Amino acid sequence: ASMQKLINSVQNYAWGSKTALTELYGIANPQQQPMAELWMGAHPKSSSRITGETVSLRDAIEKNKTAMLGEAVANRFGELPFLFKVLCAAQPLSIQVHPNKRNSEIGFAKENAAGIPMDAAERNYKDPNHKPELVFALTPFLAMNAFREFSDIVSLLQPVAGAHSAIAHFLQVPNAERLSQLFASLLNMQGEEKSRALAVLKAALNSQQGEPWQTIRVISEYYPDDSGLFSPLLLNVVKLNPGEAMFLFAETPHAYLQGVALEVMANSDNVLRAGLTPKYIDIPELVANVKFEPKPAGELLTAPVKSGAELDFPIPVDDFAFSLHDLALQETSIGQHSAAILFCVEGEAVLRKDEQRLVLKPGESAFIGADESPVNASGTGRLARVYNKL
Ligand SMILES: [Y+2]
Ligand SMILES: [Zn+2]
């Protein structure tokens with residue numbers, strides 16, 4: 001078929017919502033398992049499938065790379081260069097940093113030389129490149145992203161100046177070097193040093209109102225003994241309205257705290273943890289991979305561009321592109337020179353290719369091979385597309 005309706009994997013990670021995908025999309029969950037991620041793509045660990053027998057989308061692409069992916073993508077990447085997820089964060093998730101291109105090459109090589117299997121838990125670097133990443137809110141979405149302006153951090157730390165000398169040290173000279181030292185010191189707190197700092201913070205949670213104190217309170221219910229409880233004082237806390245997006249830069253701490261979002265990423269990721277985790281953190285390595293530069297709140301959301309019915313979220317990389325398409329009862333053409341995945345965000349989409357018609361209800365998606373572009377879309381609501389602009 002010109003258009004293939006996707007059968008998609010749901011990862012039942014412990015932190016997933018037992019209800020979100022069901023409430024939003026009618027996805028069946030009689031056993032009430034947590035449903036953390038809905039995967040749309042051709043990841044080797046759990047590829048989407050297409051149908052008349054059921055086959056792996058990854059296997060299908062592999063047998064016909066130029067036709068399915070297009071020449072550009074078959075040339076540059078040799079596979080589907082993106083994985084498209086719905087993320088349902090029912091609990092706050094760990095603070096993460098993605099290393100830059102240079103350090104990714106190094107860490108990938110270190111782990112390869114040490115013989116760490118690629119799918120081992122210990123494995124942090126799975127790509128010799130820095131892989132860019134876009135998050136797009138489906139429901140209101142609470143997250144952290146990047147360091148706040150220094151004067152903001154100063155105001156926020158004053159109520160907890162006594163928690164640790166590193167905090168006092170930073171307040172004395174609020175610069176990048178001392179921000180770095182503060183971040184390392186907080187992460188390295190041990191025993192009674194750590195418990196003292198946490199007791200100061202929790203006392204502050206009784207006499208401070210509103211954000212980011214409220215976010216700290218929320219996080220403390222899941223990570224009551226974590227030095228990452230200080231992080232909303234250092235990192236921008238953001239509440240994305242549905243339809244807003246952020247592009248996560250290298251060397252920049254971020255965390256997803258609550259809500260449902262679409263995420264576009266490469267198949268293989270590099271991740272260093274920076275708090276909100278029971279796992280070991282190599283602090284020197286983390287610190288060597290973080291850029292201690294503020295990012296102003298006005299710069300956090302990616303600014304999309306509307307042209308006709310299309311809203312593009314321009315991304316500073318070749319690997320993938322992301323757009324939203326307003327559906328109308330009159331057809332519009334959606335074309336690209338690559339493979340595309342189309343996902344019904346809301347309303348209902350009818351896709352047409354010549355004589356073939358395919359209906360997607362919210363939460364459903366289709367794969368369109370490069371050879372099959374363009375398709376005509378009509379209906380109501382919005383269709384999200386991941387594809388490649390090359
Ligand atoms: Y991610
Ligand atoms: Zn990330």
# chains A, B, ... in the order shown; residues from 1 in each chain; ligands from 1
>>> closest_atom_pairs(of="chain A", to="ligand 2", cutoff="12 Å", atoms="only C-alpha atoms and all ligand atoms", output="Markdown table")
| residue | atom | partner | partner_atom_place_in_ligand_line | distance |
| --- | --- | --- | --- | --- |
| A:87 | CA | ligand 2 | 1 (Zn) | 11.9 |
| A:93 | CA | ligand 2 | 1 (Zn) | 10.7 |
| A:94 | CA | ligand 2 | 1 (Zn) | 9.9 |
| A:95 | CA | ligand 2 | 1 (Zn) | 8.6 |
| A:96 | CA | ligand 2 | 1 (Zn) | 6.0 |
| A:97 | CA | ligand 2 | 1 (Zn) | 6.7 |
| A:98 | CA | ligand 2 | 1 (Zn) | 6.5 |
| A:99 | CA | ligand 2 | 1 (Zn) | 10.3 |
| A:130 | CA | ligand 2 | 1 (Zn) | 11.1 |
| A:131 | CA | ligand 2 | 1 (Zn) | 9.3 |
| A:132 | CA | ligand 2 | 1 (Zn) | 8.3 |
| A:133 | CA | ligand 2 | 1 (Zn) | 6.3 |
| A:134 | CA | ligand 2 | 1 (Zn) | 8.3 |
| A:135 | CA | ligand 2 | 1 (Zn) | 8.6 |
| A:143 | CA | ligand 2 | 1 (Zn) | 10.9 |
| A:144 | CA | ligand 2 | 1 (Zn) | 10.6 |
| A:145 | CA | ligand 2 | 1 (Zn) | 9.5 |
| A:146 | CA | ligand 2 | 1 (Zn) | 11.3 |
| A:246 | CA | ligand 2 | 1 (Zn) | 10.4 |
| A:247 | CA | ligand 2 | 1 (Zn) | 9.0 |
| A:248 | CA | ligand 2 | 1 (Zn) | 6.1 |
| A:249 | CA | ligand 2 | 1 (Zn) | 8.3 |
| A:250 | CA | ligand 2 | 1 (Zn) | 8.8 |
| A:251 | CA | ligand 2 | 1 (Zn) | 10.1 |
| A:252 | CA | ligand 2 | 1 (Zn) | 8.9 |
| A:253 | CA | ligand 2 | 1 (Zn) | 8.2 |
| A:254 | CA | ligand 2 | 1 (Zn) | 6.5 |
| A:255 | CA | ligand 2 | 1 (Zn) | 7.4 |
| A:256 | CA | ligand 2 | 1 (Zn) | 8.6 |
| A:263 | CA | ligand 2 | 1 (Zn) | 9.2 |
| A:264 | CA | ligand 2 | 1 (Zn) | 10.0 |
| A:265 | CA | ligand 2 | 1 (Zn) | 8.6 |
| A:266 | CA | ligand 2 | 1 (Zn) | 10.8 |
| A:268 | CA | ligand 2 | 1 (Zn) | 11.7 |
| A:269 | CA | ligand 2 | 1 (Zn) | 8.6 |
| A:270 | CA | ligand 2 | 1 (Zn) | 8.9 |
| A:271 | CA | ligand 2 | 1 (Zn) | 7.6 |
| A:272 | CA | ligand 2 | 1 (Zn) | 9.7 |
| A:273 | CA | ligand 2 | 1 (Zn) | 10.3 |
| A:274 | CA | ligand 2 | 1 (Zn) | 11.7 |
>>> write_last_selection(atoms="N, CA and C atoms", output="compact mmCIF listing (two decimals), in the first residue's frame")
# COMPACT_ATOMS: atom_id res chain seq x y z
N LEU A 87 5.63 10.65 24.86
CA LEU A 87 6.16 10.45 26.22
C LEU A 87 5.06 10.78 27.22
N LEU A 93 11.24 12.71 35.86
CA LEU A 93 12.31 11.89 35.32
C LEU A 93 13.67 12.53 35.57
N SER A 94 14.74 11.77 35.33
CA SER A 94 16.08 12.20 35.72
C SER A 94 16.56 13.43 34.93
N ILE A 95 17.43 14.23 35.54
CA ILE A 95 18.05 15.35 34.83
C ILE A 95 19.12 14.77 33.92
N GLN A 96 19.10 15.18 32.66
CA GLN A 96 19.98 14.64 31.64
C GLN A 96 20.77 15.72 30.95
N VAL A 97 21.96 15.33 30.49
CA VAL A 97 22.82 16.20 29.70
C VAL A 97 23.24 15.36 28.49
N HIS A 98 23.17 15.93 27.28
CA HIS A 98 23.67 15.29 26.08
C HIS A 98 24.99 15.95 25.71
N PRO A 99 26.10 15.19 25.73
CA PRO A 99 27.41 15.75 25.36
C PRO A 99 27.50 16.23 23.91
N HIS A 130 26.66 14.23 18.38
CA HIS A 130 25.63 14.83 19.20
C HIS A 130 24.33 14.78 18.42
N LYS A 131 23.33 14.18 19.05
CA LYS A 131 22.01 14.00 18.48
C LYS A 131 21.06 15.02 19.09
N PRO A 132 20.49 15.90 18.26
CA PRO A 132 19.58 16.98 18.62
C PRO A 132 18.22 16.39 19.01
N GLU A 133 17.39 17.14 19.70
CA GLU A 133 16.18 16.56 20.27
C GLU A 133 15.11 17.64 20.47
N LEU A 134 13.89 17.34 20.05
CA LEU A 134 12.79 18.29 20.10
C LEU A 134 11.67 17.72 20.96
N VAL A 135 11.16 18.51 21.90
CA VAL A 135 10.00 18.09 22.69
C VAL A 135 8.82 19.05 22.42
N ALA A 143 8.74 20.97 32.83
CA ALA A 143 10.12 20.53 32.57
C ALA A 143 11.11 21.54 33.13
N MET A 144 12.39 21.14 33.19
CA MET A 144 13.48 22.09 33.35
C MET A 144 14.32 22.11 32.08
N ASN A 145 14.85 23.28 31.77
CA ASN A 145 15.74 23.38 30.63
C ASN A 145 16.71 24.54 30.78
N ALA A 146 17.99 24.21 30.93
CA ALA A 146 19.10 25.15 30.89
C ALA A 146 19.21 25.97 32.18
N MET A 246 10.37 22.81 22.67
CA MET A 246 11.73 23.20 23.01
C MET A 246 12.70 22.27 22.30
N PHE A 247 13.79 22.82 21.81
CA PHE A 247 14.86 22.06 21.18
C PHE A 247 16.02 21.96 22.18
N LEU A 248 16.37 20.73 22.59
CA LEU A 248 17.33 20.53 23.69
C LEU A 248 18.77 20.53 23.21
N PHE A 249 19.50 21.57 23.57
CA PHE A 249 20.86 21.76 23.08
C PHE A 249 21.84 20.86 23.80
N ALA A 250 22.98 20.60 23.17
CA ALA A 250 24.06 19.85 23.80
C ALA A 250 24.49 20.53 25.11
N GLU A 251 25.07 19.76 26.01
CA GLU A 251 25.78 20.29 27.19
C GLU A 251 24.92 21.12 28.14
N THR A 252 23.64 20.78 28.18
CA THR A 252 22.63 21.61 28.82
C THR A 252 21.67 20.72 29.61
N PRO A 253 21.67 20.87 30.94
CA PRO A 253 20.77 20.04 31.75
C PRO A 253 19.29 20.33 31.43
N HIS A 254 18.50 19.26 31.39
CA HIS A 254 17.07 19.36 31.17
C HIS A 254 16.41 18.17 31.86
N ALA A 255 15.13 18.30 32.22
CA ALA A 255 14.40 17.17 32.79
C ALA A 255 12.93 17.30 32.42
N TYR A 256 12.27 16.16 32.23
CA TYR A 256 10.82 16.16 32.04
C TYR A 256 10.15 15.79 33.36
N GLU A 263 8.16 13.59 21.30
CA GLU A 263 9.60 13.82 21.25
C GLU A 263 10.15 13.28 19.93
N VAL A 264 11.00 14.07 19.30
CA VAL A 264 11.68 13.63 18.10
C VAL A 264 13.16 13.57 18.42
N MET A 265 13.78 12.45 18.07
CA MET A 265 15.19 12.25 18.42
C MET A 265 15.82 11.29 17.43
N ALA A 266 17.13 11.08 17.55
CA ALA A 266 17.78 10.01 16.79
C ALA A 266 17.45 8.68 17.44
N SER A 268 19.68 6.53 18.48
CA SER A 268 20.69 6.24 19.49
C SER A 268 21.14 7.53 20.15
N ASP A 269 21.22 7.50 21.47
CA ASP A 269 21.38 8.69 22.28
C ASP A 269 22.62 8.62 23.17
N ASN A 270 23.15 9.78 23.55
CA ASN A 270 24.17 9.87 24.60
C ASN A 270 23.59 10.62 25.81
N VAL A 271 23.65 10.01 26.99
CA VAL A 271 23.02 10.58 28.18
C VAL A 271 23.94 10.55 29.40
N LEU A 272 24.21 11.71 29.99
CA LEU A 272 24.83 11.78 31.30
C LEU A 272 23.78 12.28 32.30
N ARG A 273 23.70 11.65 33.46
CA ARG A 273 22.68 12.06 34.44
C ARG A 273 23.23 13.16 35.34
N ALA A 274 22.34 14.04 35.81
CA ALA A 274 22.75 15.23 36.56
C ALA A 274 21.88 15.44 37.80
>>> residues_around(residues="residue A:38", least_positions_apart="5", cutoff="12 Å", atoms="only C-alpha atoms", output="PyMOL selection string")
chain A and resi 6-13+16-17+20-22+25+27+46-48+83-89+260-264+343+363-365
>>> closest_residue(among="A:289, A:66, A:267, A:333", to="ligand 1", atoms="only C-alpha atoms and all ligand atoms")
A:267
>>> closest_residue(among="A:355, A:225, A:62, A:331", to="residue A:80", atoms="only C-alpha atoms")
A:62
>>> residues_around(residues="residue A:384", least_positions_apart="6", cutoff="7 Å", atoms="only C-alpha atoms", output="PyMOL selection string")
chain A and resi 323-325+342-345
>>> write_last_selection(atoms="C-alpha atoms", output="short mmCIF file (atom, residue, chain, number, x, y, z; two decimals), in the first residue's frame")
data_model
loop_
_atom_site.label_atom_id
_atom_site.label_comp_id
_atom_site.auth_asym_id
_atom_site.auth_seq_id
_atom_site.Cartn_x
_atom_site.Cartn_y
_atom_site.Cartn_z
CA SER A 323 5.82 20.13 11.28
CA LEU A 324 2.16 20.39 12.22
CA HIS A 325 -0.55 20.48 9.59
CA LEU A 342 2.20 11.24 10.05
CA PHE A 343 0.56 11.21 13.51
CA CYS A 344 -2.97 12.43 14.27
CA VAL A 345 -2.71 14.83 17.18
#
>>> residues_around(residues="stretch 136-140 of chain A", least_positions_apart="2", cutoff="6 Å", atoms="only C-alpha atoms", output="list in words")
residues 240, 241, 242, 243, 244, 245, 259, 260, 261 and 262 of chain A
>>> select_by_dssp(residues="stretch 27-192 of chain A", states="strand (DSSP E or B)", output="ChimeraX atom specification")
/A:35,37-40,49-50,55-56,83-89,96-97,125,134-137,141-147
>>> closest_residue(among="A:317, A:197, A:90, A:390", to="residue A:69", atoms="only C-alpha atoms")
A:390
>>> closest_residue(among="A:386, A:233, A:340, A:163", to="residue A:195", atoms="only C-alpha atoms")
A:163
>>> closest_residue(among="A:185, A:31, A:209, A:336", to="residue A:73", atoms="only C-alpha atoms")
A:336
>>> atom_distance(atom1="atom CA of residue A:369", atom2="atom CA of residue A:75")
15.6 Å
